Amino acid sequence: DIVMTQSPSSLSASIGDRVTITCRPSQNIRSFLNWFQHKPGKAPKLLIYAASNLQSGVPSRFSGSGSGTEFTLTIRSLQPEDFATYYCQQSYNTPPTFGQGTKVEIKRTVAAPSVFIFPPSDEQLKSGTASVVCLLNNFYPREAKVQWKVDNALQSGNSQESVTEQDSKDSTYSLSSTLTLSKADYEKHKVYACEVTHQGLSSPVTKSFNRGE
Amino acid sequence: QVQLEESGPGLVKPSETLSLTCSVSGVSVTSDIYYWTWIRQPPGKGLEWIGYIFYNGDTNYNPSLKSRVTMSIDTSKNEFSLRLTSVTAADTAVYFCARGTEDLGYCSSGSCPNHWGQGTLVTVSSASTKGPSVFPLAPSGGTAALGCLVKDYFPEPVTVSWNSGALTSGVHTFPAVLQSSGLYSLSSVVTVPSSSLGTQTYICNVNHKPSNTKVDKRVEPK
Amino acid sequence: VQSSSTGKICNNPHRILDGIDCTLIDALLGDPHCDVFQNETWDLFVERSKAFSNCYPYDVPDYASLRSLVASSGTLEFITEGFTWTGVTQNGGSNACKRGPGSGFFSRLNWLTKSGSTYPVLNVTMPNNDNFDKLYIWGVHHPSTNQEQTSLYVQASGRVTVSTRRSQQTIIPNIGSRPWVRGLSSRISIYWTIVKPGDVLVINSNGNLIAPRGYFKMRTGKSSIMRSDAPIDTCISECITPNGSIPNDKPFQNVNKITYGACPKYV
Ligand SMILES: *[C@@H]1O[C@H](CO)[C@@H](O)[C@H](O)[C@H]1NC(C)=O
């Protein structure tokens, strides 16, 4: 019932930079405050206990400070593996409650995506559906625009995108876009193309294939 | 010093009872000083603490859930469990089990879970289970990409390996997308040498536990 | 109704002892940064919200009672006694409780560990041949692992039993990891024993004893303790509240239900 207000909700910082996250409980909680780190697909990890105590295996660049109604987690020189969502947690009265979290993203140099296009497999076409996939691999920053073209007509409404979370070693993103057509419409047209616009490409890049070659 | 593996249905129908189990390795659930906790996080929402249980019988459940939740410890199986009645879509969440150590000098009783499991997703829905169809992504300046498309399954998640956990460097398994049909789809890709396409084996393994499905696709030039 | 305060605690006429960075329990135990308070006395001890511990991680099962008991006594007067601890290593220390550059420990406690390959059954006595009550502070070490327990104490399970002619306490340590506090998953639990004139202290342990070094001289009188962040200044007021001293010419006051001295009634 104690409300934990964490700020900011999100931040981006370069490798080597000093990062600071604040937590303000809705009442004084003395030192009964913990900090958790949650990396994509891993178990949340207690980093700091009782406001300032570093947990085993946590690098000394992480430090917790404060008491009462204002607490700070500092990461003194950000590393790519520190990409995660961080939460404060009060242990002062029941129920334990958590801050809404702070997503820490890493700023790095621009990296152009590598682009790959995959035609639908023949096995799927027997199902009456054709999925065409475009892969944008290992890029930074997150914007990449993927335009589909079928015999040079721009498509809209018949594709979906998915983006990975930032990579824990190189801090890049990857993105898949899937163009879905009925098999009947797919065989009525010939040239299938994925066109990618991104800050790392001086002009857009197109990967394409010819149906039935 | 302890490992914590969560298990349970993955799909529960509305108004029915959600049951989860946590298999504990490395310590005994009969120890006087540890407590066992559940926490949950709805998609895109915050973490919500559910409760704790001690071997001696002492429990405490979040008042938001106390009139619907119970926990138990199974000493014979070295497990502990969560039971949540009369579920709705608000209870769709990743559920984490966790261990803490009673430490009243620094923590309220049962309030500092410090070893967590990785969480298991529970979806509350009337829709039925569906196993994926799995299709290959065949390869076209030195590096080639290939993958497998995992289409039309329900509910989440699927797991993908390449060559049974052997090929691992360079793998990207994308977050699932909800299609307009109400079923999920995702892709898993890997980068490999183009010089490798003529002679070496790649099989994606797509596994979906709610539909008890294992599908192997092998990939190669069209 | 007295409705205003200076916002400052007047240092007269009452003897104020400002805890600054220290709680009274940390001063009692002898947390190194609190050792400046050895043998000090007070009419009113003032604990600050900024106080912190910086020694071996501990809890005190009956915290509030020990704190209240010491606060009312009004002194930290301590007398070292010549306990004899045969067959154990004394004065153990820890990097969780640094004293200067090296490892250390609470100044008033004695971390006993095995000597050579054995930890005997300790059985020591200390009579009270004085005419005042003696306060003994002692503890029990809880190792984080079974390996730690046997490395320190040899026996797989320890026990501490402290008794007088009219009391007895037996504590069994609880082994297991806790979250790291200054690098350590182990803990100490703190206990106390009062020995009346003509009585005797007996300590019996086959492991995990954090021994007393002597006793605190108990007193009776008007001393107490208060939590306040108000600064102290040089001025006179018989009535002290955590908000500051207040005039006491009015029958009632609305400043604070916590008060010390000759004070108006809270309404
Ligand atoms: C221990 O000390 C007490 C007090 O002198 C005595 O009663 C007892 O005989 C001694 N030995 C043992 C093993 O308790």
Side-chain angles (χ1 to χ4, degrees), chain A residues 6-17 19 21 37-42 75 78-87 100-118 132-149 154-179 193-207, chain B residues 41 43-45 137 143 145 147 149 156-157 160 169-179 184-191:
Chain A
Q6 202 176 327
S7 68
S9 55
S10 40
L11 65 93
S12 77
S14 299
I15 300 142
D17 285 354
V19 170
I21 298 162
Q37 175 192 60
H38 187 22
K39 303 182 180 174
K42 313 173 129 187
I75 312 177
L78 197 58
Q79 302 296 126
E81 64 261 36
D82 297 338
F83 163 78
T85 298
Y86 296 82
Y87 300 91
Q100 73 305 337
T102 299
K103 206 135 163 274
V104 169
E105 309 139 23
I106 276 65
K107 285 191 271 241
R108 56 151 286 163
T109 56
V110 172
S114 303
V115 189
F116 306 90
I117 191 176
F118 298 99
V132 200
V133 177
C134 182
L135 203 215
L136 283 60
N137 207 33
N138 299 346
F139 58 90
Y140 187 88
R142 80 298 200 213
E143 289 77 344
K145 185 166 312 210
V146 173
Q147 173 70 247
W148 283 102
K149 294 184 215 186
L154 296 321
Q155 305 299 289
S156 71
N158 53 3
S159 61
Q160 301 180 277
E161 300 189 346
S162 181
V163 189
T164 62
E165 274 280 38
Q166 189 164 40
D167 182 76
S168 74
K169 298 185 184 86
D170 67 16
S171 308
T172 59
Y173 301 97
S174 298
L175 178 154
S176 70
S177 183
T178 303
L179 175 75
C194 171
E195 178 175 84
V196 175
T197 298
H198 182 267
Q199 165 176 206
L201 300 172
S202 57
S203 48
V205 166
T206 295
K207 300 303 183 114
Chain B
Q41 187 169 34
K45 284 200 38 186
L137 297 317
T143 295
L149 173 64
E156 302 191 83
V160 185
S169 173
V171 175
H172 294 295
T173 300
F174 288 91
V177 300
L178 179 54
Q179 308 168 105
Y184 290 90
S185 179
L186 64 76
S187 290
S188 289
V189 301
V190 284
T191 53

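Just so it is clear: chains get the letters A, B, ... in the order the sequence lines come, proteins before strands, and each one is counted from 1. Note that these values count all heavy atoms, side chains included, but never hydrogens, waters or copies made by symmetry.
- Side chain of A:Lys103 to main chain of A:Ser10: no donor-acceptor pair is present (N/O by atom type, distance under 3.5 Å, no hydrogens or angles).
- Within the 3.5 Å criterion, the main-chain N or O of A:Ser176 finds no donor-acceptor partner in the side chain of A:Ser162.
- Between A:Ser177 and A:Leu175 there is a side-chain heavy-atom pair separated by less than 4.5 Å.
- Judged by distance alone, the side chains of B:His172 and A:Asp167 never bring a donor and an acceptor atom under 3.5 Å apart.
- Aromatic ring pairs are classed by plane angle as parallel below 30°, tilted from 30° to 60° and perpendicular above 60°; the pair A:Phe139 and A:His198 is perpendicular.
- Each of A:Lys145, A:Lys207, A:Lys149 was evaluated against A:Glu195; a single residue qualifies, A:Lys149, per the side chain to side chain donor-acceptor pair (under 3.5 Å) test.
- Side-chain contact between A:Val146 and A:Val196 is present, with heavy atoms from C-beta onward closer than 4.5 Å.
- A:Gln166 contributes no side-chain N or O that, together with a main-chain N or O of A:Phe83, makes up a donor-acceptor pair within less than 3.5 Å.
- In this structure, A:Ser159 contributes its side chain and A:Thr178 its backbone to no donor-acceptor pair below 3.5 Å.
- No donor-acceptor pair closer than 3.5 Å links the side chain of A:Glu165 to the backbone N or O of A:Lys39.
- Put simply, the side chain of B:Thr173 never gets that close to the backbone of B:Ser188: no donor and acceptor are under 3.5 Å apart.
- The line from OG of A:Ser171 to NZ of A:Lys107 is 12.5 Å long, rounded to the nearest 0.5 Å.
- Side-chain atoms of A:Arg108 come within 3.5 Å of backbone N or O of A:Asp170 as a donor-acceptor pair.
- Taking the side chain as every heavy atom from C-beta outward, A:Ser174 and A:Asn138 approach each other to under 4.5 Å.
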